[PDB]
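Asks: Could you have a look at this structure, given as structure tokens, before my questions?
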Amino acid sequence: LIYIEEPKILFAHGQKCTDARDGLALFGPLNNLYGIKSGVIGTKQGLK
Amino acid sequence: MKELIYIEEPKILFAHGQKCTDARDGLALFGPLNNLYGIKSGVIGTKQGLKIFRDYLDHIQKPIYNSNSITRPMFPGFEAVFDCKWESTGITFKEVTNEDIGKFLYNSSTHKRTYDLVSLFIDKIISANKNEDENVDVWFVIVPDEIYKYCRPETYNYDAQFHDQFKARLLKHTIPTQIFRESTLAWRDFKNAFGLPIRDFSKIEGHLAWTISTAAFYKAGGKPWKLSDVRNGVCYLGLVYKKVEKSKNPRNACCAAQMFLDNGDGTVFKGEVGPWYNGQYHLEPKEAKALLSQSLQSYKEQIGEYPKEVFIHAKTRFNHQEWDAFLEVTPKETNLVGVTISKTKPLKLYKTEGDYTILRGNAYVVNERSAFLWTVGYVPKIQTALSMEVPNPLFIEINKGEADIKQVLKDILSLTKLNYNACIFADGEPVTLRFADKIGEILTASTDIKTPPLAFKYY
Amino acid sequence: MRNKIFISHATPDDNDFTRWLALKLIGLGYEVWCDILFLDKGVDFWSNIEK
Amino acid sequence: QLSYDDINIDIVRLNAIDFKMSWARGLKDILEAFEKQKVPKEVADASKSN
Amino acid sequence: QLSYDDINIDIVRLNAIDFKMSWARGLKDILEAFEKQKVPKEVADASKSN
DNA sequence: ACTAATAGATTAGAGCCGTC
RNA sequence: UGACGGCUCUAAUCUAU
């Protein structure tokens, strides 16, 4: 059993960490987008 | 001895309540109503179609002063005026090399080459739309002047100009593409043989950059401005009988009606097509029950009732055999005021003093069912007439039905500011006819799309 | 010397009018301080207004 | 919704500048009163302040 | 749960930076306040945080 | 029977411009 | 297609010999 090292995933400004949750929570996504337009449907109650 | 009755010019609302009259300056000091976080700029073109944007795209972020701001006003910039982020970010440069273009441009058969040139462009756009990761809000096809210099007048009946076929082929994809040109975007580096460029866009680089910015703004779901006098529950319909003399059979002459409603949601749509050509710009009674119903079905489900009044504008008068079918499809609760608008009547008045035209807003009424509205002419806002002589005041007649002509006159003077293609004081003919015409030029070129009531942005 | 134009206004709502007014007022060349835009962070909030 | 009997007592004795019915008299009378009161200002911006 | 009326005397007068409603705008206002006050700082580098 | 027939009456693309 | 004008070049259509 040779151990295979845990890989890496990049984040904002080309940085390199190992956790998707931790990196985004502290670094952010790679591409820079401004806002997100949320076309939302559903029932009247579901709006609440 | 006759007099010219006057009606006041209505104004247009803007950001957080404020309501100015001019779209030029009511947008700079206030900003668009609905703010959007940013616009992703997708651009496709040749080698020279990219460095031009790399000059222009960030050029309108900074303020640029024309020769005089009174007549050709400057704008502080895209961020300072339109309240949005629109810069060199999200660029989707998709190089179509000139040799690749030349290998399709070298074909001489314009009936086949012109379709081929668009086919080079759309296949990339829909591929990026579906089979790619990048997101583009408004696409900027920078076709060089050479492409539309030569390609100008089942999948080849489209016009010699590729304008119609390119946009008609995206109706399946519904991606808003802002067709551009090198001349309109590269005025500075374009020079003629004698040393004086033909297009003198320098002074217009104010309110021209207003057009480009506001055209790219509205297509992204934004609301640059809305009218502040459009009445409640009232529908303003307009059909222009656009020729379908694009295919081999000239038997088709299909109109493209459209509506501009109360809530600012002007849902421009598609009329009905049928064998009525004999050269008569009228539609048979059977198809009339499919146009106005689809017009009203798209609104009765939206609001829950019938419209109050349907201002059916047209450049062509309505015969009885056409209007009779309109009666049964529509409810009696709405008065279908068919305002046949004519710009060919020979009425031209001049002033004994002053080198300008008659002040706009004048409505020389002829009788209860006729009028003459100077929606185009001299104004007190920009103190410059939107014409060179006094035009034909838009002959306004209640062709069928009975109503107050005065209530009709103001609304045509209202359907002239919501030109989400330019930045002018107002238009000379109602947008209910110009936007009803751009559908016909685009849609009726191709006869294989069962399109939804797509707004002007896709066209 | 008294130079800043005091826009005495409600903090949450009238600032947006002032973000139209003051930003235009800066555009017109007028000197403007506000409890939102020119108010420095970490100051005595009551005492800074008195100054 | 500013009823004249509900406005602050210090306000009523002073001529209020109208922004409600239009912005036109709002910023204008703001500057028009400034012009008559010689309020200090710098330059005239670019393009003669448009 | 800490109301604005339960703030201790050492920072009652001091203009606090709001984070309750959203941490992002508080972080931004932190940035602008430091820039306005010319707070000494080096080039931005998140590798140090990493 | 319609065969033409020259006009009024309105139409719109559609080049040609300018694009005050 | 940045756009809203302006006429102009051609053609088409129905009211009637």
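Methodologically, a virtual Cβ is constructed for each residue, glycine included, from the backbone with ideal geometry; neighbour enumeration extends over all protein chains shown. Read-outs: derived from the displayed coordinates by stated rules, not from any lab.
Asks: When a/c is below 1.5 the answer is rounded, else prolate if a/b is larger than b/c, else oblate, so apply that to chain B with a ≥ b ≥ c taken from the square roots of the Cα gyration tensor eigenvalues. Write out the running numbers ahead of the final one.
Replies: Working: a/c = 1.63, a/b = 1.22, b/c = 1.33.
Oblate.
Asks: Counting other C-beta atoms within 10 Å, and keeping those with at most 16, which DSSP coil chymotrypsin sites (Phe, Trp or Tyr not before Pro) do you find in region B:68-152?
Replies: For chymotrypsin sites (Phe, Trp or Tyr not before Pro) across region B:68-152 that sit outside H, G, I, E and B with at most 16 neighbouring Cβ atoms in 10 Å, the list reads B:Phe93, B:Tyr106.
Asks: Once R0 is set to 35 Å, what does the formula 1/(1 + (r/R0)^6) return for the Cβ-Cβ distance between A:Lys8 and E:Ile30, expressed as a FRET efficiency to the nearest 0.05?
Replies: 0.75
Asks: Here's a follow-up. Show the residues, 5+ positions off or on another chain, whose built amide H is closer than 5 Å to the amide H of C:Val32.
Replies: Amide H neighbours of C:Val32, under 5 Å, 5+ apart: C:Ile5.
Asks: Right, something else. Please give the FRET efficiency for A:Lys44 paired with B:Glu353, using the beta carbon to beta carbon distance and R0 = 51 Å, rounded to the nearest 0.05.
Replies: With a Förster radius of 51 Å, E is 0.20.
Asks: What does a probe at A:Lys37 reach in region B:421-438, counting residues whose amide N is under 18 Å from the point 7 Å along Cα→Cβ?
Replies: Inside the label zone: B:421.
Asks: Moving to a separate point now. Within chain B, what percent of beta bridges assigned by DSSP are antiparallel, to the nearest 5?
Replies: Here the antiparallel bridges make up roughly 50 percent for chain B.
Asks: When the Karplus curve 6.51 cos²θ - 1.76 cosθ + 1.60 is applied with θ = phi - 60°, which whole-Hz ³J(HN,Hα) does each residue of region E:21-36 get, with x for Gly and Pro?
Replies: Values, residue by residue: 5, 7, 6, 5, 5, x, 4, 5, 5, 4, 5, 5, 5, 5, 5, 5 Hz.
Asks: Evaluate the Debye formula for region B:42-177 with equal point scatterers sitting on the alpha carbons, no solvent, and hand back log10 of I(q)/I(0) at q = 0.14 Å⁻¹, in q order, two decimals.
Replies: -0.77
Asks: Still on this structure: Most exposed first by the Cβ proxy, i.e. fewest other Cβ within 10 Å, how do D:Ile7, C:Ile26, B:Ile341, B:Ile382 rank?
Replies: In order of increasing Cβ crowding within 10 Å: D:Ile7, C:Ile26, B:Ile382, B:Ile341.
Asks: Continuing with the same structure: Could you give the nm distance between label points at E:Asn50 and B:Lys203, where each point is 7 Å from its Cα heading toward the beta carbon?
Replies: Between E:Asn50 and B:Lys203, the label points sit 5.6 nm apart.
Asks: Only counting other Cβ atoms within 10 Å, I'd like B:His111, B:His163, B:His16 sorted with the fewest neighbours first.
Replies: Numbers: B:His111 10, B:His163 20, B:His16 13.
Ordered from fewest to most neighbouring Cβ atoms within 10 Å, B:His111, B:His163, B:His16 come out as B:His111, B:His16, B:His163.
Asks: Which whole number in µm²/s is D for chain A by Stokes-Einstein, with the Kirkwood Rh taken over Cα pairs at 10 °C and 1.306 mPa s?
Replies: Value of D from the Cα-based Kirkwood radius: 113 µm²/s.
Asks: Are there any trypsin sites (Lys or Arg not before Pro) in region B:214-268 that are in a DSSP loop and have at most 11 other Cβ atoms within 10 Å? List them by number.
Replies: Passing sites in region B:214-268 are B:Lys248.
Asks: Using modelled amide H (1.01 Å from N, peptide plane; none on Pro or chain starts), what sits under 5 Å from the amide H of B:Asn34, excluding residues fewer than 5 places away?
Replies: For B:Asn34, whose amide H was placed from the backbone, the distant partners under 5 Å are B:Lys223.
Asks: Report, by chain and number, residues whose modeled amide H sits under 5 Å from the one on B:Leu227, excluding near sequence neighbours (fewer than 5 apart, same chain).
Replies: Placed amide hydrogens put B:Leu13 under 5 Å from B:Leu227.
Asks: For B:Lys112 and C:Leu39, FRET efficiency with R0 = 60 Å and r from the beta-carbon atoms, rounded to 0.05? List each step's numbers first, then the result.
Replies: Working: r = 68 Å, r/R0 = 1.13.
My answer for the efficiency is 0.35.
Asks: Going by a ≥ b ≥ c, the root eigenvalues of the Cα gyration tensor, does region B:317-366 fall in the rounded group (a/c under 1.5), the prolate group (a/b larger than b/c) or the oblate group?
Replies: In terms of gyration-tensor shape, prolate.
Asks: How far is it, in nm, from the label point at B:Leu327 to the one at B:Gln383 when both lie 7 Å from their Cα along the line to the Cβ?
Replies: Simple spin-label model gives 5.4 nm for this pair.
Asks: Over the Cα atoms of chain D, compute the convex hull volume and normalise it per residue, giving Å³. Could the numbers behind the result be given before it?
Replies: Values: hull volume 5.0 nm³, N = 50.
About 101 Å³ per residue, rounded to a whole number.
Asks: So, one more: Extending each Cα 7 Å along its Cβ direction at C:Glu50 and B:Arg251, get the distance between those two points in nm, one decimal.
Replies: 9.2 nm
Asks: Relative contact order for chain A using alpha-carbon pairs under 8 Å, separation at least 6, rounded to a whole percent? Before the final figure, lay out the partial values.
Replies: Details: 32 pairs, mean separation 12.3, N = 48.
Relative contact order, chain A: 26 percent.
Asks: Write down the Kirkwood hydrodynamic radius of chain C, to one decimal in angstroms, obtained as one divided by the mean of 1/r over all alpha carbon pairs. Numbers along the way, then the final one.
Replies: Working: mean 1/r = 0.0870 Å⁻¹.
The Cα-based Kirkwood calculation yields 11.5 Å.
Asks: Using a simple charge model, +1 on the beta-carbon of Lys and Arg, -1 on the beta-carbon of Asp and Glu, nothing else, what dipole does the protein assembly as shown show about its Cα centre, in debye to the nearest 20?
Replies: Value, rounded to 20: 1540 debye.
Asks: If you wrap a convex hull around the alpha carbons of region B:387-459, what volume per residue comes out, as a whole number of Å³?
Replies: Dividing the Cα hull volume of region B:387-459 by its residues yields 149 Å³.
Asks: If we count other beta carbons within 10 Å of each Cβ, what is the order of D:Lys38, B:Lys103, B:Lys400, fewest first?
Replies: Starting with the residue having the fewest Cβ neighbours, the order is D:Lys38, B:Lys103, B:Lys400.
Asks: Taking each label point as 7 Å beyond Cα in the direction of the beta carbon, state the distances from D:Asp45 to the same residue in the other copies, shortest first, in nm.
Replies: Here D:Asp45 shows inter-copy label distances of 4.3 nm.
Asks: If you take the square roots of the eigenvalues of the alpha-carbon gyration tensor of region B:63-140 and sort them as a ≥ b ≥ c, do you get rounded (a/c under 1.5), prolate (a/b over b/c) or oblate?
Replies: oblate
Asks: Something else: Please figure out what share of the DSSP beta bridges in region B:305-459 is antiparallel and state it in percent, rounded to the nearest 5.
Replies: Within region B:305-459, antiparallel bridges account for around 45 percent of the total.
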